[PDB]
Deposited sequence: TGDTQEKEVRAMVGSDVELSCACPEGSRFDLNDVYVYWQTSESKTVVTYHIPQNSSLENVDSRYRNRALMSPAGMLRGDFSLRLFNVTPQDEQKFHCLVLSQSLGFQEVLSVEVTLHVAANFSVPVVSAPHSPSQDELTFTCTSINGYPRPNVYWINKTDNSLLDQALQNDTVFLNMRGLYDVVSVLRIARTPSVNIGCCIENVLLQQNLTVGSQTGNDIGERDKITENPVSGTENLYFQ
């Protein structure tokens, strides 16, 4: 049971802020406050501020110049961390810790920020090949893994998941692609579409078969 727990949804390749802040007001001394941003599972040190001059280099090469706090923000009580170039490889829980020297080196703030990274898939491409009946659907560059649905545009219902063939790919750049091959018996005027849902973004994209 921490002082605060938070989830942060962040886009790949963007700047994100993980908030560790008090109700702002000029009431913190840099020469007094000790701040530690550290990964929660691996316990490695992402960044930190102490009043004495620090050797640095303690930060592994992973976060060295991509994670930063604001000194003016610290003086206002804003110890938030700023990551600069998010990758699906940063999807982990973080932990912020604040101690005071005026106080008994006591914890003024301790928060856990679970960081969920996501990227939006491309608009699906649907093909209409045939057999004695076959549909293929393609989307790329999304995160995390996608769910795919085939929608009957006539009554806005969803076709059964057993009728579709799903295959998930992990490309370079660490994103996800998907191919879904749907097989259904012939009927007059197939009006259907391929829906691809990014669960974390709560976003679905859909294209119909003309």
{"property": "Missing segments of the deposited chain sequence, listed N- to C-terminal", "result": "1, 134 to 137, 216 to 240"}
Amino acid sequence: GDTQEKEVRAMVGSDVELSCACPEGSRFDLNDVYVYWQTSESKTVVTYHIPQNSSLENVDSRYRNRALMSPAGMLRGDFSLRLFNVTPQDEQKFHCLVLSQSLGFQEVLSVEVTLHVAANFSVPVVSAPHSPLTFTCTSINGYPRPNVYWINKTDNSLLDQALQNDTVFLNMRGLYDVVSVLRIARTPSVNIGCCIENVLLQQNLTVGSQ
From here on, numbers count along this sequence of modelled residues.
{"item": "Mean C-alpha B-factor comparison - 41 to 49 and 60 to 68, higher one", "value": "60 to 68"}
{"item": "Mean Cα B-factor comparison, 179 to 187 or 164 to 172, giving the higher one as deposited", "value": "179 to 187"}
{"item": "Residue selected from 96, 133, 75, 103 by maximal Cα B factor", "value": "133"}
{"item": "Among 199, 22, 192, 16 - the residue whose C-alpha B-factor is largest in the record", "value": "192"}
{"item": "Modelled-residue ranking by C-alpha temperature factor, third containing residue 88", "value": "middle"}
{"item": "Assigned third (lowest, middle, highest) for the C-alpha B factor of residue 29", "value": "middle"}
{"item": "Within-chain third of residue 159 by Cα B-factor, per the entry", "value": "highest"}
{"item": "Third of chain Cα B-factors occupied by residue 114", "value": "lowest"}
{"item": "Residue 148 - which third its CA temperature factor falls in, relative to the rest of the chain", "value": "middle"}
